[PDB]
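# Architecture and fold: a report
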Amino acid sequence: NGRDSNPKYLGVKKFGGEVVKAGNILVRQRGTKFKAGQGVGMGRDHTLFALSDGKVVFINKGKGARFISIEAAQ
Amino acid sequence: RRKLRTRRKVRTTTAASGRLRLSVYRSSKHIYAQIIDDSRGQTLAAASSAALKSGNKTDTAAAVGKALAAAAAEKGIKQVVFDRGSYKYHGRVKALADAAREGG
Amino acid sequence: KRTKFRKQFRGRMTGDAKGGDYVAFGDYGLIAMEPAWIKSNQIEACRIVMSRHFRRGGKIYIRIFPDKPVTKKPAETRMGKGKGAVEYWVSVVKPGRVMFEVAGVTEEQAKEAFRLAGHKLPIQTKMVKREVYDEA
Amino acid sequence: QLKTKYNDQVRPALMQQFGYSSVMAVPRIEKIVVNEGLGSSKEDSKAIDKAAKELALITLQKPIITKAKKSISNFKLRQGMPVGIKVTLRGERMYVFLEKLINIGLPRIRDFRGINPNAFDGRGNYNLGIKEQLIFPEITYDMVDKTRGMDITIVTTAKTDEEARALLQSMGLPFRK
Amino acid sequence: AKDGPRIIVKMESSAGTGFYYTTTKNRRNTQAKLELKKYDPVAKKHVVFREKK
RNA sequence: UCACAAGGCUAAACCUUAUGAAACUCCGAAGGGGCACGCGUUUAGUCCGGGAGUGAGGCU
RNA sequence: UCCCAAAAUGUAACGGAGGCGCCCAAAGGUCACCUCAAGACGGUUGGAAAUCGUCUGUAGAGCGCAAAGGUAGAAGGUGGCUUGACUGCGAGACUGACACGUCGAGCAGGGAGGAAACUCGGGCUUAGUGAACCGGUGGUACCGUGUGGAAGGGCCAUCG
RNA sequence: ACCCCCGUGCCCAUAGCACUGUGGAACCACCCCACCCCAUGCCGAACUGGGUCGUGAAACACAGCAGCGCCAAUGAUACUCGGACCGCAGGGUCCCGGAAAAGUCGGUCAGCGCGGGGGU
Ligand SMILES: [Mg+2]
Ligand SMILES: [Mg+2]
Ligand SMILES: [Mg+2]
Ligand SMILES: [Mg+2]
Ligand SMILES: [Mg+2]
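- This deposited entry lists X-ray crystallography as its structure determination method and 3.5800 Å as its resolution.

- Looking up chain C in the PDB entry gives the name 50S ribosomal protein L16, with the organism given as Deinococcus radiodurans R1.
- For this entry, the PDB title field holds "The crystal structure large ribosomal subunit (50S) of Deinococcus radiodurans in complex with evernimicin".
- As recorded by UniProt, the Subunit comment attached to chain C reads in full: "Part of the 50S ribosomal subunit. Contacts the CTC protein (RL25)."
- For chain C, the Sequence similarities comment in UniProt is given as "Belongs to the universal ribosomal protein uL16 family."

- The name that the PDB entry assigns to chain A is 50S ribosomal protein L27, with the source organism given as Deinococcus radiodurans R1.
- The Function field of the UniProt record for chain A holds the comment "Binds the 5S and 23S rRNAs and also the tRNA in the P site."
- The UniProt entry for chain A carries the following comment under Sequence similarities: "Belongs to the bacterial ribosomal protein bL27 family."

### Side note on the sheet that holds strand β1 (residues 21-22) of chain B
Residues and elements named next belong to chain B.
- With mixed pairing, the three strands of this open sheet are ordered in space as β2-β1-β3. Both outer strands of the open sheet, β2 (35-36) and β3 (81-82), are each paired with one neighbouring strand and no more.
- Relative to β3, β1 is paired through two bridges, and the arrangement is parallel. Within β3, the residue paired with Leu 22 across the bridge is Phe 82.

### Observations concerning the protein's contact with RNA strand F
- Around RNA strand F, the surrounding shell holds 26 residues, and the nearest of these are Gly16(A), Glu18(A), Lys63(A), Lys7(C) and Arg10(C).
- When the atoms of RNA strand F within 4 Å of the protein are grouped by moiety, sugar and phosphate amount to 75% of the total.
- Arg63(C) has a polar side-chain atom sitting 3.3 Å from a sugar or linking oxygen of RNA strand F.
- One nitrogen or oxygen atom from the side chain of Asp67(C) is found 3.1 Å from a sugar or linking oxygen belonging to RNA strand F.

### Observations regarding the pattern of salt bridges
All names here are of chain A.
- For the coordinates displayed, the defined rule picks out 16 salt bridges over all chains.
- Close ionic contact of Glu 18 with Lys 14 constitutes a salt bridge, the shortest N to O distance being 3.8 Å.
- Using a relative accessible area of 24% as the deciding quantity, one classes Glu 18 as partly exposed.
- Note that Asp 45 and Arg 28 form a salt bridge whose closest N and O atoms lie 2.8 Å from each other. Highlighted residues: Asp 45 in the loop between β3 (40-43) and β4 (46-50) and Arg 28 in the loop between β1 (18-19) and β2 (35-36), separated in sequence by 17 residues.
- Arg 28 sits in the partly exposed class, given a relative accessible area of 34%.

### Comments concerning unusual backbone geometry
- That bond from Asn1(A) to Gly2(A) is cis: its omega, -20°, falls within 30 degrees of zero.
- Within the secondary structure, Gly2(A) sits in the segment before β1.
- Cis geometry is found at the peptide bond from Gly57(C) to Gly58(C), where omega equals -10°.
- If you trace the backbone, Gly58(C) turns up in the loop between α1 (44-53) and β3 (59-62).
- Even without being a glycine, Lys8(A) presents a positive backbone phi close to 45°.
- Within the secondary structure layout, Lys8(A) lies in the segment before β1.
- By relative accessible area, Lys8(A) is classed as partly exposed at 48%.
- Of note, the phi angle at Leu2(D) is positive, near 65°, even though the residue is not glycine.
- Note that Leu2(D) resides in the segment before α1 (10-15).
- On the basis of relative accessible area, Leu2(D) is assigned to the partly exposed category, the value being 40%.

### Notes on the packing of aromatic side chains
- If you walk through the whole model with that rule in mind, you get seven aromatic pairs over all chains.
- Between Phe120(D) and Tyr126(D), the ring centres sit 4.6 Å apart and the planes meet at 75°, which makes this aromatic pair edge-to-face.
- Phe120(D) sits in the partly exposed class, given a relative accessible area of 28%.
- We classify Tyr126(D) as buried; its relative accessible area is 3%.
- Within the aromatic cluster, the residues linked to one another by ring pairs are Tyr20(E), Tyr39(E) and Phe49(E).
- The positively charged end of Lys39(C) is found above the aromatic ring belonging to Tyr88(C), 3.4 Å away from the centroid.
- In this structure, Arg165(D) is placed above the aromatic ring of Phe175(D), and the distance from its NZ or CZ to the ring centre is 4.7 Å.

### Looking at the pairing of strand β6 (residues 65-71) of chain A
All names here are of chain A.
- Relative to β6, β2 runs parallel, the two sharing two bridges. Pairing of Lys 35 across the sheet is with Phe 67, part of β6.
- In the sheet, strand β5 (residues 55-61) pairs with β6 via seven bridges, with the strands oriented antiparallel. Bridging from a neighbouring strand, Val 56 pairs with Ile 70 of β6.

### Re the pairing of β3(A)
All names here are of chain A.
- Examined bridge by bridge, β3 and β4 share four bridges and lie antiparallel to one another. Counterpart to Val 40 in the pairing with β4 is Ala 50.
- Between β3 and β4, which pair antiparallel one after the other, the connecting turn spans two residues.

### Comments concerning the protein's contact with RNA strand H
- Neighbouring RNA strand H are 49 residues; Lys9(B), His30(B), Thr58(B), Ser22(D) and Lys62(D) lie closest to it.
- The sugar-phosphate portion of RNA strand H accounts for 67% of its atoms within 4 Å of the protein, the bases making up the rest.
- Between RNA strand H and the protein, one listed contact pairs a phosphate oxygen with a side-chain N or O atom of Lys9(B) at 2.3 Å.
- In the model, a phosphate oxygen of RNA strand H is placed 3.5 Å from a nitrogen or oxygen of the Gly91(B) main chain.
- Those elements that place two or more of their residues in the surface near RNA strand H are α1 (3-11) and α3 (91-100) of chain B together with β2 (64-65) and β3 (84-89) of chain D.

### Some remarks on the packing of helix α2 (residues 60-75) of chain B against α3(B)
All names here are of chain B.
- Remark: α2 packs on α3, axes separated minimally by 7 Å, with the N-to-C direction vectors making an angle of 30°. Crossing of α2 against α3: the hand is right-handed. In this structure, α2 contributes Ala 61, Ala 62, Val 64, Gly 65, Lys 66, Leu 68 and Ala 69 to the contact, and α3 contributes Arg 92, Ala 95, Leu 96, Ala 99 and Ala 100.
- Per-class residue counts for the contact of α2 with α3 are nine nonpolar, one polar and two charged.

Thresholds applied
- Residues numbered from 1 in each chain as written, not as in the entry; some residues may be left out.
- Chains lettered and ligands numbered in written order.
- Part of a larger assembly, values for the part shown.
- Heavy atoms only, no water.
- Residues with missing side-chain atoms left out of burial classes, pairs and counts.
- UniProt positions renumbered as here; feature names shortened; annotations may be inferred.
- Pairing = 2+ DSSP bridges.
- Helix = DSSP H or I, 4+ residues; strand = E, 2+ residues; numbered from the N terminus.
- Near = heavy atom within 4 Å.
- Polar contact = N/O pair within 3.5 Å; in protein donor to acceptor, adjacent residues only side chain to side chain.
- Salt bridge = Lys/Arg side-chain N within 4 Å of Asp/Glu carboxyl O.
- Buried < 20%, exposed > 50% of the residue type's maximum accessible area, 1.4 Å probe, protein only.
- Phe/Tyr/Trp six-rings, centres within 6.5 Å; stacked < 30°, edge-to-face > 60°.
- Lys NZ or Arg CZ within 6 Å of the ring centre and 35° of its normal.
- Axes fitted to C-alpha atoms, helices over the stretch in contact; angles between N-to-C directions.
- Left-handed = near helix turned anticlockwise from the far one by under 90°.
- Contact = heavy atoms within 4.5 Å.
- Nonpolar A, V, L, I, M, F, W, Y, C, P; charged D, E, K, R; others polar.

Written out as structure tokens, the structure is:
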């Protein structure tokens, strides 16, 4: 009644076809909404983040297994 | 039940390792022990006991490891890692290990 | 008429009919020409009327069920909360929605029972026969 | 421990009349399962050792205690606490206990015209209604505590109950007559 | 964080020749006798800490 | 998942037929957001530092 | 924590519902293995539910708690060893007016489990909390009013 | 080169299940025995260890098969960005693009690699 006014935040912090950097956060999530690909590490709270620097692109597989990955730039 | 293989396989990191995947198939007294790359659908070396180890049965373990090790160094290898299926450790598969590892 | 289990509250909103045929379950139906709420009564009213027309009818089919808890100002003001858990339960109707349908009775019996059912309704209505079969 | 009458006679029995595909097609015995009903209404943490004693003495094999299913229904129940005992019998030991019963414990029983012939496991397995624990050669009232009873399930590879009955019968299973 | 009449406790640490605190939530409830673990002081580490105060 | 209309079946279940949903979702737009490019016309932007006011809004 | 929240984020109400002020020396680390709820046939204490067996069985179960997400290749269910519920650090980011808050590769000292690649700076995550001040205690040896000490203070823990 | 088998990937249901016909000494599987390595909170069922005969039964492999799943058009619609209006209100229409869900027409019982073993 109503007694939670805090937003957390979530969403997706770095989208697809986006230049990223190493240590950036590509996503904030509750469970694993999508899992990590190559280039990607994952913290305690899930939260896919970047190992390397590059172009972050998305792979959406078969409805409910999804993946964020980092392809090279150079 | 068949999740043992899927577990042990998904455990081993394909890409982020950089290394290579040495499989083993222990089924009949015939075995495989083929060594696969991670990424490219291809396979690097792959020795086997598949034909004529000449009376050796599970003792051929060392041999089929030994062979592979040699056959490995041919293309060259940097510390490939061990992908088994269900089959865990000790006598049978540990000999293929102690052979192909330390034999190169 | 009344629901036995729920979440207990609601909003409100409207758009064109979805969940009713032109016809099913009998020969002649009754269709709403206007969007509105129908109370637990007005059906009870219409059920008891159509029934009080032909006894051993025997087909009275009410395809509308109210589950819409609505509330009311108990006595007064705004200092307080949302209120009135049990005031009345409506259903929501919208044109093309077929509220009632009957059969086993005459053509004229349907005409007149639907006419008596017409009043006691917050909405305009009308009656038809069957062209259409979508699924069965 | 037989296995000779197991092979031969049981197999061609159905091969010489209605025919059959192969020697491996013919039904075989997978395991014998002994489940000791305990706990709930009758539960003793002291008599656990009793039932385990008898059980371990009869089958030449150590018994294993079950648990609760993580349920509380109405009456006595909880997440876990021993509700009963289990012993699985396979191979030589299965046949030990089996000949033990059939050759001795089966004929010796109260008012015994047989055990129920009707379909037990539609898929071709078999169950038993064993009541008294004292009807065995391996358990008598010479040395005892109280009176209880055990349950036994027979698993076979039989495809139907018709292939069950005739199978288990030649092994010395009598039927209600 | 907060404290009062209650069970458990927070003790911290102490040990041979190192002088140091791990500062760890313990408990007196289910199992408490030794609060004992292995930890790293100003030494090479490699040393056992007895967390009973 | 909760609600629910008729019939069958021997009251859950189960099938035929038929619906409701802010806290249901097998599905799912129009639109919205981020990035890049300008492939196109435009003009504002950011940073440092001085001075503010404002922190009662109103209607459609 | 859901809904309201108009498919980014955010968003009010004396709006609609429900939790928290903990717990776990193992519910942590790692390694190794295990797979659920339910239904139908048959069984001794049973005869709605126990326990056993056969059969079906992407979850209809479980996850210490509220709920949402997430989970079956486990995050679930057992054991082996254990104490990374570490010390000195923090590339780079999410988030916030600030103050806080969160995620974190990689580096060293040193350990843990594994044969191994490796994982480990508490717990599937998201609540279990409280700036500053003034004090309690253990370490340190920086200041110390002429000087050498000591009192008092500082700095690292840390308790109220 | 072609048949086929064992391992292993990409694809992760238009590749899944059911019904099922073929396959046995090449490969696979049961079955085989196990004091001992190793293990079973009880049983070598599972791990695991020693090897054939035996059958291809069961499992796995291949093939027929579209009863079930799964994918699924065109047309038309629901809704809607923008533009312009009606009705006191609930609510509604017109122009203009975008445009589903479901259902029907259908579509399938996969496809693309790598290494090795054994046939013609
Ligand atoms: Mg305002
Ligand atoms: Mg939002
Ligand atoms: Mg929005
Ligand atoms: Mg003050
Ligand atoms: Mg408009």
